[PDB]
Structures are given as structure tokens and as C-alpha cells.
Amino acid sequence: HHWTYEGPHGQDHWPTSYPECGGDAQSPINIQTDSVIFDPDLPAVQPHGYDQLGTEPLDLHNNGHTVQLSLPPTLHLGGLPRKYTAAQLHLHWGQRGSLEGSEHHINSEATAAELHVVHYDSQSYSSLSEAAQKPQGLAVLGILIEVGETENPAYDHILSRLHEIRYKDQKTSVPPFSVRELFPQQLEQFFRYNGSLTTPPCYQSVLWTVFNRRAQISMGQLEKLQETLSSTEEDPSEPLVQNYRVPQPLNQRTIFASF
């Protein structure tokens, strides 16, 4: 009943226990830039005050599938069809050995990791769950991460505290910090398209936005992420790695680019 990225209950058998995962518009996908359709009318994505997370501690949790961070309802994502509000944010990465841990690809190439910022249509619904199964109910920002030659102070707000939640279900609080700083500096270039959640139930309720520019973290940081979290509640511990879903069929969906 507890699904996993691989194994007997890997992303291959998801469609069985969660039919929706076999939908006609799943995510992530391999974004082929040659098929990308330019749309000069796509308004700039703009995170209103994502450096203003207030005063109260943010919740840093360990699913067993990822590291998730809570976000204040004060973060408002503009530039989209409806008004969205930030709810949570989490990461995806590969195992120690590999350097491919992102969920989306660009022209068949994946990066070291991926950041996902989840929003919901608070304009039309009252909860994140409510919009999780409503058309266009969710909106996710996808930031691809590469290994840089320098330590990223932004990402440390999260990485520096990974030991506090080494085991699954372990929780903790962090001093609020500028989320904005976790995105690439230039957000003009991006791709948009209709998709789904990348984990069961795989609800096809999300409006995706994947940035063209990438964010960077030191090989040290990427390592501290790969080799620190366990996917179990206690010992024996089992490395929570390779937590990304494979590119899904495009099923003839159009993918727009702002550039």
C-alpha cells in the first residue's frame, strides 16, 4: 500500500493501484526545444514577495520520498490564468553515483536535481487538496539544478538541517528565508504546459512551468542531499535516493516557451 519509486511497487506499477497515473497527460516530460512553440503573449511568471516568509518557523519534513518545506499562504504567484498561492516545496535527486536526478529533461538531458514549488488556485478553492483534483487546480514551478563550483547559501537553509530529519516522518523547523533565492536569477525564459503530479495519485490537475535557466549547488551540497536522508522510520536505514519519476509520454500535447 506504500508505493516506491522502484521495486515491486515502482513507478511502473503505479497505474495499477492509481489508475490516474496512466493518464494521457502525465509528468515529468522530456522537453524537446525543437517542438517548442513560442508564445509572445505568455506573461512573465512573477513570485510576489518570496523573500518575505514572515517570522514563524517553516516546517521541514521527511516523507520517505523526499524533503518537503512548508510555505506561508502569503506567497502569491502571479502571471498565470488564475491566482495561485504557494503551499509547499520539495526536491528530487539521484543516487550518489549518478549526476542525473531531475525529473524533467531538456532535449534528452537531465540535471543533478530538481526543485518543485507547489501552488494552488486559492481564487477558486479553499484548500490545496481541493484544487489537487480540479482542472488547473494546481500550478508548479520547476527549477532544474546543476552542480556549480560554489556553495549556494540559499539552498543551505535547507541542506544544513538535513541531519535533523534523517529518518522518515522526522520533522523540524527552520528560520524563514528568501525562497526566491532558490530560483535561477533570470526567470524570463521558461516552458509551460498541462501535466500531472509526478507521484501517485498523479492527478492531472497541474499547470506546469519549467524554467530555462538553472540553479546551481556545490558538489558538496549535492552530496549532502544524496547521502543523508533515509527512507525508513528507523534502522536499518535505506538511502533515500533516485526519487525522480521518468519522463512520460507527451501524447501530442503542445509545449509553449516564453522565448
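The numbering used is simple: start at 1 and walk along the sequence shown.
Tell me which stretch has the larger mean Cα B-factor in this entry, 145 to 153 or 93 to 101.
According to the PDB entry, the answer is 93 to 101.
Using the B-factors recorded in the PDB entry, average over the C-alpha atoms of 84 to 92 and of 127 to 135, then report which stretch comes out higher.
Here the higher of the two C-alpha B-factor means belongs to 127 to 135.
Highest CA temperature factor in the entry: which of 183, 120, 167, 177?
Among 183, 120, 167, 177, the highest C-alpha B-factor in the entry belongs to 167.
Would you mind checking which of 51, 39, 59, 56 has the top Cα temperature factor in the PDB entry?
Most elevated C-alpha B-factor of the set, per the entry: 51.
Lowest, middle or highest third: where is residue 161 by C-alpha B factor in its chain?
For residue 161, the deposited C-alpha B-factor lands in the middle third.
Name the third of the chain's ranked CA B-factors that contains residue 228, choosing lowest, middle or highest.
Tercile = middle for this residue's CA B-factor.
CA B-factor placement of residue 258, once the chain's modelled residues are sorted into thirds:
Within its chain, residue 258 is a lowest-third residue by C-alpha B-factor, going by the deposited values.
Among the modelled residues of its chain, does the C-alpha B-factor of residue 44 lie in the lowest, middle or highest third?
Highest third.
Taking the C-alpha B-factors as the PDB entry records them, is residue 79 in the lowest, middle or highest third of its chain?
For residue 79, whose C-alpha B-factor we compare with every modelled residue in the chain, the answer is the highest third.
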